[PDB]
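The chain below stands alone and is given as structure tokens, in the form deposited in one PDB entry.
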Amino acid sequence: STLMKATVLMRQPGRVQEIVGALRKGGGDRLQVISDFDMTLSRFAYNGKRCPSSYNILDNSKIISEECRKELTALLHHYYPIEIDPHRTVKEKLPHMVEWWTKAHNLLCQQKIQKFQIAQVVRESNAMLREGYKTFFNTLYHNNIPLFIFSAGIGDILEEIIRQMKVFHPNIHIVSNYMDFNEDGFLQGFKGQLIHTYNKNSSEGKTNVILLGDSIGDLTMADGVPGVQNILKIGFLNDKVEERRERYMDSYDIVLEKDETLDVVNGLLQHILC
């Protein structure tokens, strides 16, 4: 019944039925959720307007100068055509993506950004999560299901969004780029491994996976999780739907077309965990 919502597309509904059945048989003990952030857990559009990405939330804020905003936009102008070019292989795109993210991160480090300002920028932003986010985050937490959120954005921004929406629970594990601040609270670098849009993947018995994404690249987020026995991939198809629908349906198990809610995922979780 969950899958009878009007936004639901399935190329092989019988296969979806078998995967959901295996997930239910395995129970929450075997389940983990692997999800993209922007335009998957965050809402795509509201009240006739696009909702901001994590990148937009910081870049359009009061703590980024207009000159820095122009330089970030110039980097985007150069690298976006490379990023989306289907005739460049993922391997050929990698060094360009590393360059772009390294350059953007360094520009942010050359501003005067203070830790306390991150909460402020998010609070003043138009950040929005999909409808049903409380049920989604609470169901996972109450059922002890780890949620891995991958984002090539800024971890601090993601965390403040989820915290300010009152759903940042200890079962959430964000894999993203976290800021490093000096003793005076000023941004000085980024922590750990660089995550760009083409290395959002894993690079305990939780062998069943629900993957949530909104781009064709998100299909790989669970690659490299060892010993996965069952995976159900759910893809939000937010825009350019006539152009994208076939490729989405042919790779994602379930596609949700212009669905600004987590209702289908929530219903699947309730079915699997009850």
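Rigid core here is just the name for the largest C-alpha set that superposes within 1.5 Å across the two forms. Note that residue numbering follows the sequence shown and begins at 1.
FYI, the form deposited in another entry isn't displayed, but the following is about it.
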| query | finding |
| --- | --- |
| C-alpha of residue 88 moved at least 2 Å between the shown form and the other one on rigid core | yes |
| Threshold 2 Å Cα movement between the shown form and the other one at residue 47, rigid core reference | yes |
| Residue pair residue 48, residue 257 - Cα distance in the other entry, closer or farther (3 Å or more) | closer |
| Cα distance between residue 48 and residue 264, which in the other entry differs by 3 Å or more from this form, closer or farther | closer |
